[PDB]
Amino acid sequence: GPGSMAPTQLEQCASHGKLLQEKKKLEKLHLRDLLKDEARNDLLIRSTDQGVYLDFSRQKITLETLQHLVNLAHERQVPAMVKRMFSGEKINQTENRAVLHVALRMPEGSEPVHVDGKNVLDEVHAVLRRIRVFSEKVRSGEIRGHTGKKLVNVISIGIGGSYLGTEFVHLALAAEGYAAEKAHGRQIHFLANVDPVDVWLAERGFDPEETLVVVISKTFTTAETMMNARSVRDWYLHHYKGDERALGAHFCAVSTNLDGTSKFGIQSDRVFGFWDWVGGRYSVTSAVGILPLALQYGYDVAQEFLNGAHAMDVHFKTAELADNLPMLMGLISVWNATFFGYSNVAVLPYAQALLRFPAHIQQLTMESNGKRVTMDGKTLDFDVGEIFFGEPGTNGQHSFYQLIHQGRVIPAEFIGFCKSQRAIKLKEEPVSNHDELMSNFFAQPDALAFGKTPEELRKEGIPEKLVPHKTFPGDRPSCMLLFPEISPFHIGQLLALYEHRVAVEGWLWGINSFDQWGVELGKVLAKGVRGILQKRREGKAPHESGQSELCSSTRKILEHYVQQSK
């Protein structure tokens, strides 16, 4: 429009009209009835040859509805978008960039991927080799701190995409048998917030002489990160009594901005770079995640994580639409959000290891698809990206599941694993602790689908006064994803699965999943407030500070703040 990548807007697509009718048909049918159809149920399961099992039977779809959804994906040219992504076309059109997180995990010997005439895999693997060598030396003690001590602590400084994914993976692997051994004696703190309390927390229990600082920022100008980096710098200067020469041995960086890293005093043999075609929220498989993960766990664990994400990439670019797990989860979510109007998705990993997975998926989803215009700048007449949130199970069952069962409908995504990282089976116990865990994983989706009717409650002998309070309407959709175990490889697969599903949804809608213009205004306005606060702290009057140009509310609360802080 003209030359747009997928010109049939969602409402123009042939299957859109058809899918609106399906919605009218399917809203009359309860999940408890649809699930009586085993032939249907059976054809809404997919199971890959590398261990990914997905069940999407608890969705308001017939096989007919699914066929319309697949047709819609074709009409929106989603398979063609996948090829453009993989061949390195600049599909991030508002920033004129490629979108090549997938290149980060293509193995050496893969088919070249060209961006402006250069095969980007050459630089991808050159950085991976350097991380491998560097992580090996730090871990062995070949590289030491300024006073000759082994570096056994890491402060990884970074916000948003520069830590959420990494912290997800870090915690996912912490209790893994092999990873734990390799991390033995080693610690990593994530310094994210500009709140100086987070600086204090990152420093706690760390001797600077045994500590390595990793400064992680794409631009190397992010306000919080650079402030944190200078503050940690100052902590070293206090420790080393002002001797600047002591700093170089304790600092390294991950960025796309080598002028920035140099000006900060970190030389290129301590910078492990990445590229503009790696979005922050898609950066964990670049040096952003691979360096800190390699430092904590060794390069081998980090490599297996990359191989798993690659496995899921190959699936995404080669599986037929109807067998393609990311396409499928993308279609189901667009169906729930756009056609059924459900604004939220609950991300529910039945794994304490995945404590911070929902937090990473929240950025990945919301920052990608929380948009209001198409790639080509047309205003959408409808809300697009869902609100994602979550906590691991069973925890969440005692927090917000009350609402998911009896309140607002929230489509749920249950994620589980067949084997435990740290199995327990007590002799007196009927079941292993993992089986107890998983009894919940299997029971919750059926509870959401089937519910419990007043009729059943009466037969159970519930008094009539309490029947409405104990009614479970059901009809609440869910997907169940189940992997063999929490290995680096399956963590990579799960990551890549969600990375691609987010892409699929963005392409279904015609938006740009890969820019984030929505964060700019806050940054600009906060810089203005910074200036005002500086002037007041310097002793300038309100008429002198610039605050008089702000609205009356902000005027008054600033003044309260200055008065309470002076």
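Residue numbers run from 1 along the displayed sequence.
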Between 226-234 and 355-363, point out the one with the higher average CA B-factor as the PDB entry records it. 226-234
Would you determine, from the values in the PDB entry, which of 63-71 and 508-516 has the greater average C-alpha temperature factor? 63-71
Residue selected from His398, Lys149, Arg476, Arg281 by maximal Cα B factor: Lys149
Maximum C-alpha temperature factor, selected from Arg501, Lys36, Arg58, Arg530: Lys36
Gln402 CA temperature factor, ranked by third within the chain: lowest
Sorting by Cα B-factor within the chain, modelled residues only, which third would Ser262 end up in: lowest, middle or highest? highest
Looking at the temperature factor on the CA atom of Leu54, which third of the chain's modelled residues does it land in? lowest
Chain third (lowest, middle, highest) by recorded CA B-factor, residue given as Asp383: highest
Hey, what third does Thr471 fall into on Cα B-factor, ranked over its chain? middle
